[PDB]
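There are 4 protein chains.
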Amino acid sequence: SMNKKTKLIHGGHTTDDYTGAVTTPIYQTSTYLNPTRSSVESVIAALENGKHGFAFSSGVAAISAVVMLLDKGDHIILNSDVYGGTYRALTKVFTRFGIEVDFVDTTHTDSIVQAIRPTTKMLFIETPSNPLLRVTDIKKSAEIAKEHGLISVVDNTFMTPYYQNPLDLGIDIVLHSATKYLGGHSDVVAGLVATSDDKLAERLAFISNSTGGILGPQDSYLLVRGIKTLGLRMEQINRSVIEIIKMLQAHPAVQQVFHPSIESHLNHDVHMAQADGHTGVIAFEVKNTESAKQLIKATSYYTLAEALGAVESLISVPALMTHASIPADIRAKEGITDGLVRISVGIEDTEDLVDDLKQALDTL
Amino acid sequence: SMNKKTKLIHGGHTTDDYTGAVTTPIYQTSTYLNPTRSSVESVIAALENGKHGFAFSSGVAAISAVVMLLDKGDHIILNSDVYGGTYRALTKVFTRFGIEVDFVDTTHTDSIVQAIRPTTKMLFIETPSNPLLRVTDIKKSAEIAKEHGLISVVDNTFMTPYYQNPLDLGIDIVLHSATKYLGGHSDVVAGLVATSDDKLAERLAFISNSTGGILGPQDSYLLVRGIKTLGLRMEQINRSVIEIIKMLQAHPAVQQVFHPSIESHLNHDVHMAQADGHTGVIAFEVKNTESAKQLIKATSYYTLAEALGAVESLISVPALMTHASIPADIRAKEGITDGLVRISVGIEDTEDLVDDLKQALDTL
Amino acid sequence: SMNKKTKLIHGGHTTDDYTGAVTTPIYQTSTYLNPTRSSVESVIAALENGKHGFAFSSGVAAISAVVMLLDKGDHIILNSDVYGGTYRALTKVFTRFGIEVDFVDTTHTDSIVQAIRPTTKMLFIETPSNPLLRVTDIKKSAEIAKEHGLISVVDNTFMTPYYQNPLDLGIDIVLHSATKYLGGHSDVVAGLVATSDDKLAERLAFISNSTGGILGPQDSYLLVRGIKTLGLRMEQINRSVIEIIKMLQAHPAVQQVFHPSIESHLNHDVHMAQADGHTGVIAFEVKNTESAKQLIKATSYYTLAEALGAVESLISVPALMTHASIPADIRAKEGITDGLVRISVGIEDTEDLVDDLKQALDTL
Amino acid sequence: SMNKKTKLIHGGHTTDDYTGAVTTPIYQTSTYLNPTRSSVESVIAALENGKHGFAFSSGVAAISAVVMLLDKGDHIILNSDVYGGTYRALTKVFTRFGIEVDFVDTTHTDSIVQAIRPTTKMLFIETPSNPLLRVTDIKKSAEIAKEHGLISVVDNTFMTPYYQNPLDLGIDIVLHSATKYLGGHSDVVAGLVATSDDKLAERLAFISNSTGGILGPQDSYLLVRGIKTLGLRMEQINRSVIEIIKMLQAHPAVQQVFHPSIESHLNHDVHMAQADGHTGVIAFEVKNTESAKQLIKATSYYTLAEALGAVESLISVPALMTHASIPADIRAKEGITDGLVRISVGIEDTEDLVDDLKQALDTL
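Chains as they are written, first to last, in our numbering: chain A, 1 to 364; chain B, 1 to 364; chain C, 1 to 364; chain D, 1 to 364.
Structure (structure tokens):
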């Protein structure tokens, strides 16, 4: 009944019953004879149509807690292009604890069915993924997980709860790196987890309380605050994304463009069926690493950084920053060419962002 | 050369080189084109005479990261009376990851030698322990761990770096629940870890960065701030502890008293050899749970809570709060009688704390 | 060259040169052997096209400092419908210091010329004013002040720098209650002042430093943060304002509507000449205090409060809250009828806010 | 009944009734459908045995509000050696509002009686004063003010409420630059005012609310926190002060020493009658500005700054920093010789501070 933008302002419990304060008090305290974190947990639960919310000290900490739902010998399926925090955690930490990991191209859901082993207990899916924005069918993944008794998990960071709600599609657990869009201001490191399953929430509550990766009260407050403008920020970002893609597809100096809004993008129709907007992450190819380096230097409004989901627009070259550790020829196979540029669209004026990127591409 | 109280004010790096600010700026930020946490990490490193410091979102998170130095199949020795956060984490979480735990009465260091298995990799010691304040020989434990290739760890929370420095006794890793004395004001949840071993610090840095239980910048700031008065607070606490114990030992309504300052306490001489002060935690017996309940109600300045290391004095009954989950007859065996009271001495006036507790014991 | 939404993200200095942090560090410090406030001062200077910015602990403190530019015996002209903080400060505080105040209906600028005395030194104008949203000709006021040697001041709170820039119209000093739209989240009390005049800025700097109504560093940080979304928030608010007014003008239970967007509003053409958007404050008449009380109880999304510029929509009855101290018959003369309702439009969904207010008016 | 150190922990209301939190929540909020500041106001009221407390954004703001209790034409008496913030505010701001100021050497209370005019309304006294630590008889000043119908005010910053309580001596209003000892950590700018007079408190409440120099909630929280250790900090400071003075009085390179603990200091007996400890500010003479410059460079633990009341020990030369604006020959008359050094004793080890300053004086 509440339209989305209204729910962001009035959903969850973010006021103080004791005094009537319209914002949640910051409970910088360790002993009662934490309500600020509880407030942010109720916000993420409401936004994702879940029953239970959990706030961790980082997105990495959220993923670590969810993975610890498993035991030694259990097996997890993940989409084949997981990298960064999540890939390194699973393969360099949790495999030392007997957790077995298999990477599977989930863009075809029957790949999931083939990879299911007797010891499989979890299916973990990012959609869209980083950096090429591969799309996985959430609803079909949920059905497969239910039929085989797997805990289903979606990393919903890139879409945010404003545009995609995996719990409504039958997923067990939805999680976020709230460091990105949710906080939205490049000033809180946090992770968020929501579920509707009472037994899974109890196990999460136990894991959290026993490994202690909790989000502090000041960060909880800044996170609730940033979420208030989530809808306004993603809608501005979405307007710029559409215009930017039109420009990129027309520009001579640009080759392939990667974004789920493009009709020829693999599983474009799947993305439109499970989401009503788009992420602000876009990847596209210029000629080579030298053109990529020239493009970055020629923009006025794009800031060179690896982050995403800021109010400012960000630009990076995956092959030189996030993926420079993979050998070159393997980068080629996976599509991370030397001319691949990734942008995170911010909330600057749309025309300013279109024209700035275009005049910079014109110097190529 | 710097006496202790001076080192608390001038040790580590807690100023801003850029502006000259005499306190560390709070870097509420997620992207650089964290210095507040680095400042608290350099403080704990300096205070413990270590090379490397690490700040976690809770003491529990610090212990979790240290335990993750191990692999499935590895074995850890801990002192037999570990409980609370640490016991539950090891036995209900990490055993699910193949970490094997053995509890050993380390008050006799030869018990450690008997319990060493081919798969043992870590020795973890609290001293003094909770709630009966058992003392373990740190220096001898370090030698045993070195001789058998074990990573040695001391939980140094109860003593603080002001009075006991395990790294100076050959221990590999020292850790704290900074929630207690270090922050000292019941308003920061944090854990701290220090080591001098370069390879162990790298593995800790990797574990921290991959499981993400980091301490936020605002909490880092309040922790540095609270540590400034650590010496003044522990010395006031120590003056009150000595006077309180004199009173308790003389009072008819009091039976056994548990504190390492008492000459008949087991390993009293060991504690004086490895520390130059005392914890503010004291346990003592009254007749029974009813006398314990009456005593708490009769004090004016002791506050009923399970916490410790606050500026206010705290009081609790272990058998009814922290240990009420253990069966009664097992509580009897371990010494947690129904009349066992535990206090955490604060920084109120010493005479006020002595007389208040004595007039309350007089109502028994 | 920078369009507005871009300037909100990249104007002023809000990064750290020392570390590259993309947000301003919070300098919780009192001694250097304040940069967070300086950052917010540079933001307000940039947004208003001024040279110098000043941050005070409240909008009231900003007005107090500006008034102290004068001496005993000096005279100030203000618009006739000033009330609340500003009216009480001038008439109950500064008149005790020999500052003389004359209230003048500035909607006709020739009233200003008639009221100028030999001792007049300042012209102070709110536009639009509260609660009936009277509009004053800023440019003509500036010319009059320049011709008669008066310091010109505009309270630009209701419009924000996003829509109206008095410094560009020749005004000497522009000021804000940043508590409202600029912070935008009902969680910072602050005032902001900008000027381009070097000598006036020096006198302001001296007054501030000598009476000490400074904005703290944490509040400075939250203010900079909230300003990042100012453009997105005011544009959403403006979309809802236009639709709401259409609904109000059509509804049988509504009489007069007060808002500068209405073509018959006095000085409507003046407002469009000096601003390119609208405030989110709207006043309108229902039958009587009972209908007003029923309307408030019948809305789902409007929150009863006296504040304005929040993310949530607010509703109030001036005759019962802000102006209940003026005698009834005087309230009638000035237009503050018992059925006068004032709303502050928030950033909820526009349709939700239109339909909610309409179904509530339908219960009348 | 509560001894001092106990009252610092349990006086005033610094807990949350709603949740039981043992620290005051930080109410970062502007609207209720401020409790953090109220908590710090109740602390200063309790510590000074007053009924009403007021928290301002700076000590300067506290003095400004107290001065605004007066009207144009009213006259204020102050001690002859007021300088810095207070002197500049009164003479460069409030005289422009018709407030008349007379500086009077209050070390002889009969000077006050001679200076009383028909228009005198306020007596304002710092004791001890800066930088030569002149002592004024508080009790006799209060009697004179009562007999002549004057509002009596004491700036109690240098002594803190831990050692001197002017309200108990009949003074109307006591005030502090809480930036110094009360916060104690060089990280809060704040002023505090306490009174027991209901009518004066109402006028202060009105002035505060109308000129808006309020202390923010985060600063209020850090101030309450710092006050918890006030007693431990001042007692450590006092131990070092006594030892340092013994050293200074014995050292060949040192001439006059200025501190109220010295038996030959003017009004030494008065200070002991109205206070039970000492300020940590000490002034002493070396030969000349060159010796002063050499001394500062030769210390290891004294930090060059103009501040006072930090945890670190501070050192400065008044004639080159705070008073370099007064002509040289006038500085000579008032005693601010070129060799005058001022120190603010911190909480480092006493022996470290004695020996460090002595080895530095030995280089002279």
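No residue lacks a Cβ here, since even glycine has one placed at the ideal position from N, Cα and C.
Pick from the options that is closest to residue i, judged by C-alpha positions
i, options, result
"residue 138(A)", "160(A), 98(A), 106(A) and 120(A)", "106(A)"
"residue 338(A)", "146(A), 290(A) and 78(A)", "290(A)"
"residue 173(A)", "203(A), 11(A) and 184(A)", "203(A)"
"residue 240(D)", "255(D), 281(D) and 263(D)", "281(D)"
"residue 177(D)", "12(D), 310(D) and 334(D)", "310(D)"
"residue 336(C)", "268(C), 361(C) and 256(C)", "256(C)"
"residue 192(D)", "28(D), 247(D) and 39(D)", "39(D)"
"residue 12(D)", "188(D), 132(D) and 50(D)", "50(D)"
"residue 346(A)", "1(C), 3(C), 9(C) and 220(C)", "9(C)"
"residue 252(D)", "63(D), 362(D) and 101(D)", "362(D)"
"residue 60(B)", "94(B), 77(B), 80(B) and 75(B)", "94(B)"
"residue 150(B)", "328(B), 69(B) and 163(B)", "69(B)"
"residue 2(A)", "319(A), 118(A), 47(A) and 154(A)", "47(A)"
Beta-carbon proximity of residue i to residue j, cut-off 7 Å
i, j, result
"residue 324(B)", "residue 314(B)", "no"
"residue 45(B)", "residue 207(B)", "no"
"residue 371(B)", "residue 215(B)", "In the structure displayed, chain B extends from 1 to 364; residue 371(B) sits before or after that span and is not available."
"residue 72(B)", "residue 97(B)", "yes"
"residue 31(C)", "residue 24(C)", "no"
"residue 159(B)", "residue 275(B)", "yes"
"residue 57(A)", "residue 213(A)", "yes"
"residue 264(C)", "residue 278(C)", "no"
"residue 36(C)", "residue 27(C)", "yes"
"residue 312(C)", "residue 299(C)", "no"
"residue 101(A)", "residue 111(A)", "no"
"residue 145(B)", "residue 123(B)", "yes"
Continuous alpha helix (DSSP H) stretch holding residue i: start and end
i, result
"residue 273(A)", "268-274"
"residue 155(C)", "Looking at the DSSP string, residue 155(C) is not in any alpha helix (DSSP H); the run it does join, the beta strand (DSSP E), is 151-155."
"residue 330(C)", "328-334"
"residue 350(B)", "350-362"
"residue 93(D)", "Looking at the DSSP string, residue 93(D) is not in any alpha helix (DSSP H), and its letter there is neither H nor E."
Chain C within 7 Å of residue i, Cβ atoms only
i, result
"residue 236(A)", "yes"
Cβ of residue i within 7 Å of any chain D Cβ
i, result
"residue 72(C)", "yes"
"residue 183(A)", "no"
"residue 3(B)", "yes"
"residue 20(A)", "yes"
Those residues which DSSP pairs with residue i across a bridge
i, result
"residue 48(B)", "None, per the DSSP bridge assignment."
"residue 184(A)", "According to DSSP, which records beta bridges pairwise, residue 184(A) is partnered with nothing at all."
"residue 78(A)", "103(A) and 124(A)"
"residue 177(D)", "191(D)"
Host beta strand (DSSP E) of residue i (start-end)
i, result
"residue 209(C)", "Note, residue 209(C): premise wrong, no beta strand (DSSP E); alpha helix (DSSP H) at 198-211."
Closer than 7 Å to chain A by CB, residue i
i, result
"residue 322(B)", "no"
"residue 218(B)", "yes"
"residue 255(D)", "no"
"residue 31(C)", "no"
Closer than 7 Å to chain B by CB, residue i
i, result
"residue 225(D)", "yes"
"residue 97(A)", "yes"
"residue 230(D)", "no"
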